[PDB]
Amino acid sequence: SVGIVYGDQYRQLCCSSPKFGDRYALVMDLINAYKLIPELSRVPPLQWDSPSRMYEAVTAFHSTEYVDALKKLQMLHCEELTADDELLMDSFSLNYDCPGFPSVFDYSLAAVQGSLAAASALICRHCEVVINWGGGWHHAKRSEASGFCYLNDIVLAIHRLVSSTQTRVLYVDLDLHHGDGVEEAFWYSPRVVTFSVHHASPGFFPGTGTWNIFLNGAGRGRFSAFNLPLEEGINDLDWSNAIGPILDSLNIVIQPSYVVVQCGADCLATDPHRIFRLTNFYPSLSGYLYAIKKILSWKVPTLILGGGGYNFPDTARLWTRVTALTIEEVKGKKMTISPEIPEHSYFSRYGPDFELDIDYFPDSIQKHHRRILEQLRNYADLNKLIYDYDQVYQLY
Ligand SMILES: O=C(NO)c1sc2ccccc2c1Cl
Ligand SMILES: O=C(NO)c1sc2ccccc2c1Cl
Ligand SMILES: [K+]
Ligand SMILES: [K+]
Ligand SMILES: [Zn+2]
């Protein structure tokens, strides 16, 4: 039973931003064109009994003043801003990368509604895995919008998971960018282990998840925040070998109750960032599909979320394959996807070849592996977890 977050209103809201435009619609219509929808349990986004209940849910992480500012920003964009209102927005970074637009609050709230409903479906055991392609806004902070992330749906979903009972959550962030917002939220918590693989280089957004020595959490959360910064140009195989032993070692040591995976598609070779060279190939084998298949082999209730990805048809091509892989891994039912894009309302967006495969022809890691292994040992010692060092050592 694989769950997928969707709904008519949800679709309209996810498609209402100037940055992500109709991406979510392309993603969901491609999944539907590949006849995957009948295999999936629709997870309806969470709706609240009152404005107070909605505030209680969002303020489990964000400050009231920030939520008030975001709701006022939407109101203001539904009618220019005064000098005092511009100052107020600037105090929450609601500007530049995170501008206001008529549906800014509804749009960012929708991802939270989706990811909280997805966590609830895992908690009641209705779904083994839940997918939310409208979610994964990893950069949003308590009182600050960042990288087009206004509300952090991941933190709120993880917070719902961790507090459902000892519950431990493993958060794996596959996006090109460092998952700073999620890592910061759980910096002092040993029960949420964060691991982000990403590109890092001077002046590259958001700037964290790299050498500062490496910070890895604080207080009781020391050694609980893991990071693997990778150089530009990394391909499927090298990225797969870089993350594989880390994922496996985290699962053996942490023994998570839940896994939350952020699957931002900006690592694709065809993403306009043009930083990593990952594919959606399923014979080289896509780094994403290798990582997703590995996580699902653990048989731990999992939450799969979206994130980055500016090349909309290529993000759809990758997420359609992630979706089919999840059905296969959970149900044990073969999913056969035709290499040609099937006819549907968005067919023309996949041109000029109309194929499912993206249009692409293809010591530092060992040093990070040793650093990460030491951190995992340190985390295990601080948290009094029983583990076999040799079983973990041999994975690398
Ligand atoms: O509840 C389960 N088995 O009894 C399963 S099967 C499976 C496959 C992938 C991820 C989670 C999961 C769970 Cl939980
Ligand atoms: O895909 C993204 N993060 O995972 C990012 S980073 C960033 C920085 C400025 C503006 C947007 C943006 C997005 Cl989207
Ligand atoms: K990442
Ligand atoms: K942590
Ligand atoms: Zn990104």
# chains A, B, ... in the order shown; residues from 1 in each chain; ligands from 1
>>> residues_around(residues="region 216-222 of chain A", least_positions_apart="2", cutoff="10 Å", atoms="only C-alpha atoms", output="ChimeraX atom specification")
/A:183-184,186-194,209,213-214,224-227,372,375,378-379,382-383
>>> residues_around(residues="residue 129 (chain A)", least_positions_apart="5", cutoff="8 Å", atoms="only C-alpha atoms", output="list in words")
residues 1, 2, 3, 122, 301, 302, 303, 304, 326 and 330 of chain A
>>> closest_residue(among="A:215, A:373, A:15, A:335", to="residue 111 (chain A)", atoms="only C-alpha atoms")
A:15
>>> residues_around(residues="residue 7 (chain A)", least_positions_apart="3", cutoff="10 Å", atoms="only C-alpha atoms", output="PyMOL selection string")
chain A and resi 4+10-13+42-45+114
>>> select_by_dssp(residues="region 19-148 of chain A", states="strand (DSSP E or B)", output="list in words")
residues 40, 41, 42, 43, 129, 130, 131, 132, 141, 144 and 146 of chain A
>>> residues_around(residues="region 64-78 of chain A", least_positions_apart="3", cutoff="7 Å", atoms="only C-alpha atoms", output="list in words")
residues 59, 81, 89, 92, 100, 101, 102, 103, 104, 105 and 143 of chain A
>>> atom_distance(atom1="CA of residue 180 (chain A)", atom2="CA of residue 197 (chain A)")
11.4 Å
>>> residues_around(residues="residue 241 (chain A)", least_positions_apart="4", cutoff="10 Å", atoms="only C-alpha atoms", output="PyMOL selection string")
chain A and resi 236-237+245-246+287+290-291+365+396
>>> residues_near_ligand(ligand="ligand 2", cutoff="8 Å", atoms="only C-alpha atoms and all ligand atoms", output="list in words")
residues 19, 20, 97, 98, 137, 138, 139, 146, 147, 148, 149, 175, 176, 177, 178, 179, 205, 206, 264, 266, 307, 308, 309 and 310 of chain A
>>> write_last_selection(atoms="N, CA and C atoms", output="short mmCIF file (atom, residue, chain, number, x, y, z; two decimals), in the first residue's frame")
data_model
loop_
_atom_site.label_atom_id
_atom_site.label_comp_id
_atom_site.auth_asym_id
_atom_site.auth_seq_id
_atom_site.Cartn_x
_atom_site.Cartn_y
_atom_site.Cartn_z
N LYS A 19 7.46 30.50 -9.61
CA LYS A 19 8.69 29.72 -9.77
C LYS A 19 8.47 28.29 -10.23
N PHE A 20 7.56 27.55 -9.57
CA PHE A 20 7.33 26.16 -9.94
C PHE A 20 6.20 25.94 -10.92
N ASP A 97 14.44 36.09 -3.31
CA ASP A 97 14.22 34.68 -3.70
C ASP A 97 12.86 34.17 -3.30
N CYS A 98 12.26 34.77 -2.22
CA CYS A 98 10.97 34.35 -1.70
C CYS A 98 9.96 35.50 -1.81
N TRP A 137 10.13 21.17 1.00
CA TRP A 137 10.63 22.56 1.10
C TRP A 137 11.60 22.76 2.28
N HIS A 138 12.74 22.11 2.11
CA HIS A 138 13.78 21.96 3.09
C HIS A 138 14.53 23.21 3.56
N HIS A 139 14.40 24.35 2.86
CA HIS A 139 15.19 25.53 3.26
C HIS A 139 14.52 26.46 4.27
N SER A 146 13.34 30.93 2.70
CA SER A 146 14.66 30.75 2.08
C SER A 146 14.56 29.81 0.89
N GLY A 147 15.26 30.13 -0.21
CA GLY A 147 15.30 29.28 -1.41
C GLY A 147 13.93 28.86 -1.93
N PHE A 148 12.98 29.81 -1.97
CA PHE A 148 11.58 29.59 -2.39
C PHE A 148 10.83 28.61 -1.47
N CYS A 149 11.35 28.42 -0.25
CA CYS A 149 10.69 27.61 0.77
C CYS A 149 10.17 28.59 1.79
N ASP A 175 18.50 16.18 -2.61
CA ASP A 175 18.52 17.42 -3.38
C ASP A 175 19.97 17.93 -3.62
N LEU A 176 20.17 18.66 -4.73
CA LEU A 176 21.45 19.27 -5.11
C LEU A 176 21.92 20.18 -4.01
N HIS A 177 20.97 20.83 -3.32
CA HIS A 177 21.23 21.78 -2.26
C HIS A 177 21.18 21.15 -0.88
N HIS A 178 21.98 21.70 0.03
CA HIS A 178 22.02 21.28 1.44
C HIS A 178 20.68 21.53 2.09
N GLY A 179 20.19 20.54 2.82
CA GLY A 179 18.92 20.66 3.54
C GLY A 179 19.15 21.34 4.87
N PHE A 205 24.47 28.39 -3.06
CA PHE A 205 23.35 28.31 -2.10
C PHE A 205 23.20 26.96 -1.39
N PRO A 206 22.81 26.88 -0.08
CA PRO A 206 22.70 27.97 0.93
C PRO A 206 24.03 28.31 1.62
N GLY A 264 14.63 16.04 -4.25
CA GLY A 264 14.76 17.16 -5.18
C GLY A 264 15.49 16.69 -6.42
N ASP A 266 17.07 18.38 -8.81
CA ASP A 266 18.05 19.32 -9.36
C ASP A 266 19.43 18.73 -9.57
N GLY A 307 10.92 18.44 -4.10
CA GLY A 307 11.88 19.47 -3.77
C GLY A 307 12.25 20.23 -5.01
N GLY A 308 13.54 20.43 -5.20
CA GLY A 308 14.08 21.19 -6.33
C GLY A 308 13.84 20.49 -7.65
N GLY A 309 14.07 21.22 -8.73
CA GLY A 309 13.93 20.71 -10.08
C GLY A 309 13.28 21.76 -10.95
N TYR A 310 14.10 22.48 -11.74
CA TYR A 310 13.63 23.53 -12.65
C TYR A 310 13.25 23.00 -14.03
#
>>> closest_atom_pairs(of="chain A", to="ligand 1", cutoff="10 Å", atoms="only C-alpha atoms and all ligand atoms", output="Markdown table")
| residue | atom | partner | partner_atom_place_in_ligand_line | distance |
| --- | --- | --- | --- | --- |
| A:1 | CA | ligand 1 | 6 (S) | 8.5 |
| A:2 | CA | ligand 1 | 9 (C) | 8.7 |
| A:122 | CA | ligand 1 | 14 (Cl) | 8.5 |
| A:125 | CA | ligand 1 | 1 (O) | 7.9 |
| A:126 | CA | ligand 1 | 1 (O) | 9.7 |
| A:127 | CA | ligand 1 | 14 (Cl) | 7.9 |
| A:128 | CA | ligand 1 | 14 (Cl) | 4.4 |
| A:129 | CA | ligand 1 | 10 (C) | 5.7 |
| A:130 | CA | ligand 1 | 10 (C) | 9.4 |
| A:257 | CA | ligand 1 | 14 (Cl) | 9.2 |
| A:258 | CA | ligand 1 | 14 (Cl) | 8.7 |
| A:259 | CA | ligand 1 | 10 (C) | 9.0 |
| A:292 | CA | ligand 1 | 9 (C) | 9.8 |
| A:293 | CA | ligand 1 | 9 (C) | 8.7 |
| A:294 | CA | ligand 1 | 9 (C) | 9.6 |
| A:295 | CA | ligand 1 | 10 (C) | 7.6 |
| A:296 | CA | ligand 1 | 9 (C) | 4.2 |
| A:297 | CA | ligand 1 | 9 (C) | 6.1 |
| A:298 | CA | ligand 1 | 10 (C) | 6.6 |
| A:299 | CA | ligand 1 | 12 (C) | 3.7 |
| A:300 | CA | ligand 1 | 11 (C) | 4.3 |
| A:301 | CA | ligand 1 | 14 (Cl) | 4.1 |
| A:302 | CA | ligand 1 | 10 (C) | 5.9 |
| A:303 | CA | ligand 1 | 10 (C) | 9.2 |
| A:326 | CA | ligand 1 | 9 (C) | 7.3 |
| A:327 | CA | ligand 1 | 9 (C) | 8.9 |
| A:328 | CA | ligand 1 | 8 (C) | 9.0 |
| A:329 | CA | ligand 1 | 8 (C) | 5.8 |
| A:330 | CA | ligand 1 | 8 (C) | 4.0 |
| A:331 | CA | ligand 1 | 8 (C) | 7.5 |
| A:332 | CA | ligand 1 | 8 (C) | 8.8 |
>>> write_last_selection(atoms="N, CA, C and O atoms", output="short mmCIF file (atom, residue, chain, number, x, y, z; two decimals), in the first residue's frame")
data_model
loop_
_atom_site.label_atom_id
_atom_site.label_comp_id
_atom_site.auth_asym_id
_atom_site.auth_seq_id
_atom_site.Cartn_x
_atom_site.Cartn_y
_atom_site.Cartn_z
N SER A 1 0.81 -1.22 0.00
CA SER A 1 0.00 0.00 0.00
C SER A 1 0.85 1.28 0.00
O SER A 1 1.31 1.75 1.05
N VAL A 2 1.08 1.82 -1.20
CA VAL A 2 1.86 3.03 -1.38
C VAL A 2 0.85 4.17 -1.49
O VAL A 2 -0.08 4.10 -2.30
N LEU A 122 1.21 7.15 7.55
CA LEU A 122 2.26 6.21 7.98
C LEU A 122 2.05 5.80 9.43
O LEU A 122 2.20 4.62 9.76
N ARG A 125 -0.66 3.34 10.07
CA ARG A 125 -0.26 2.15 9.32
C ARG A 125 -1.16 1.84 8.12
O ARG A 125 -1.20 0.69 7.66
N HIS A 126 -1.84 2.86 7.58
CA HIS A 126 -2.66 2.70 6.37
C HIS A 126 -1.71 2.54 5.16
O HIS A 126 -2.00 1.77 4.24
N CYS A 127 -0.57 3.27 5.16
CA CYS A 127 0.43 3.16 4.10
C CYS A 127 1.80 2.77 4.64
O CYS A 127 2.17 3.22 5.73
N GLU A 128 2.55 1.93 3.88
CA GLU A 128 3.91 1.50 4.17
C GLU A 128 4.83 2.66 3.78
O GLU A 128 5.82 2.92 4.45
N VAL A 129 4.51 3.32 2.64
CA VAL A 129 5.25 4.45 2.10
C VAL A 129 4.22 5.47 1.60
O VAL A 129 3.15 5.08 1.08
N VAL A 130 4.56 6.76 1.69
CA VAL A 130 3.71 7.83 1.16
C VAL A 130 4.58 8.79 0.36
O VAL A 130 5.67 9.16 0.82
N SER A 257 12.66 4.27 13.01
CA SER A 257 11.24 3.92 13.07
C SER A 257 10.60 4.43 11.76
O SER A 257 9.63 3.86 11.28
N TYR A 258 11.13 5.54 11.22
CA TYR A 258 10.68 6.13 9.94
C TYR A 258 11.84 6.70 9.20
O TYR A 258 12.82 7.12 9.81
N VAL A 259 11.72 6.72 7.86
CA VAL A 259 12.66 7.39 6.98
C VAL A 259 11.86 8.43 6.20
O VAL A 259 10.75 8.16 5.75
N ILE A 292 16.78 5.32 -3.60
CA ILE A 292 15.40 5.00 -3.24
C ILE A 292 15.22 3.48 -3.04
O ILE A 292 14.70 3.08 -2.00
N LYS A 293 15.68 2.65 -4.00
CA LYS A 293 15.61 1.19 -3.91
C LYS A 293 16.30 0.68 -2.63
O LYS A 293 15.72 -0.15 -1.92
N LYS A 294 17.50 1.21 -2.33
CA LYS A 294 18.25 0.85 -1.12
C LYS A 294 17.43 1.19 0.16
O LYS A 294 17.30 0.34 1.02
N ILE A 295 16.88 2.42 0.27
CA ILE A 295 16.10 2.83 1.45
C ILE A 295 14.87 1.93 1.65
O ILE A 295 14.59 1.50 2.78
N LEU A 296 14.16 1.63 0.56
CA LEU A 296 12.95 0.80 0.60
C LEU A 296 13.23 -0.67 0.92
O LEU A 296 12.34 -1.37 1.43
N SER A 297 14.49 -1.14 0.67
CA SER A 297 14.89 -2.53 0.98
C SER A 297 14.93 -2.76 2.51
O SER A 297 14.93 -3.90 2.96
N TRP A 298 14.99 -1.66 3.28
CA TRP A 298 15.03 -1.71 4.76
C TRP A 298 13.67 -2.06 5.38
O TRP A 298 13.61 -2.49 6.54
N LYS A 299 12.60 -1.86 4.60
CA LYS A 299 11.20 -2.15 4.98
C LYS A 299 10.76 -1.28 6.16
O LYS A 299 10.02 -1.72 7.04
N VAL A 300 11.22 -0.03 6.18
CA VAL A 300 10.88 0.91 7.25
C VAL A 300 9.83 1.90 6.68
O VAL A 300 10.04 2.37 5.56
N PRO A 301 8.73 2.25 7.41
CA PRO A 301 7.74 3.19 6.86
C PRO A 301 8.42 4.47 6.37
O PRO A 301 9.19 5.10 7.11
N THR A 302 8.19 4.80 5.10
CA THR A 302 8.92 5.89 4.49
C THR A 302 8.07 7.02 3.91
O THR A 302 7.06 6.78 3.26
N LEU A 303 8.56 8.24 4.03
CA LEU A 303 7.89 9.38 3.45
C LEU A 303 8.81 9.88 2.32
O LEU A 303 9.98 10.16 2.57
N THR A 326 8.76 2.53 -6.18
CA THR A 326 8.13 2.40 -4.85
C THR A 326 7.00 1.36 -4.90
O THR A 326 6.91 0.52 -4.01
N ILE A 327 6.14 1.41 -5.92
CA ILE A 327 5.06 0.41 -6.06
C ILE A 327 5.69 -1.00 -6.12
O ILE A 327 5.33 -1.86 -5.32
N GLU A 328 6.69 -1.20 -7.00
CA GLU A 328 7.40 -2.47 -7.16
C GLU A 328 7.98 -2.98 -5.84
O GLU A 328 7.74 -4.13 -5.47
N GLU A 329 8.78 -2.15 -5.15
CA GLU A 329 9.44 -2.47 -3.89
C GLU A 329 8.47 -2.78 -2.73
O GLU A 329 8.75 -3.68 -1.94
N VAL A 330 7.35 -2.06 -2.64
CA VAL A 330 6.37 -2.29 -1.59
C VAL A 330 5.41 -3.45 -1.90
O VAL A 330 5.23 -4.33 -1.06
N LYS A 331 4.74 -3.41 -3.06
CA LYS A 331 3.76 -4.41 -3.46
C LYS A 331 4.38 -5.72 -3.98
O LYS A 331 3.72 -6.75 -3.89
N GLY A 332 5.60 -5.67 -4.51
CA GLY A 332 6.24 -6.85 -5.09
C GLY A 332 5.63 -7.21 -6.44
O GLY A 332 5.72 -8.35 -6.89
#
>>> atom_distance(atom1="CA of residue 277 (chain A)", atom2="CA of residue 35 (chain A)")
28.6 Å
>>> residues_around(residues="region 106-108 of chain A", least_positions_apart="5", cutoff="6 Å", atoms="only C-alpha atoms", output="PyMOL selection string")
chain A and resi 13-14+150-151
>>> write_last_selection(atoms="N, CA and C atoms", output="JSON list (two decimals), in the first residue's frame")
[["chain", "number", "residue", "atom", "x", "y", "z"],
["A", 13, "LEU", "N", -3.30, 24.61, -6.03],
["A", 13, "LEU", "CA", -2.41, 25.33, -5.12],
["A", 13, "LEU", "C", -0.93, 25.12, -5.39],
["A", 14, "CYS", "N", -0.51, 23.85, -5.60],
["A", 14, "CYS", "CA", 0.87, 23.49, -5.95],
["A", 14, "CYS", "C", 1.30, 24.11, -7.29],
["A", 150, "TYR", "N", 8.85, 28.61, 1.99],
["A", 150, "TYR", "CA", 8.18, 29.53, 2.90],
["A", 150, "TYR", "C", 7.76, 28.82, 4.18],
["A", 151, "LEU", "N", 7.27, 27.58, 4.07],
["A", 151, "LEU", "CA", 6.89, 26.78, 5.23],
["A", 151, "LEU", "C", 7.63, 25.46, 5.15]]
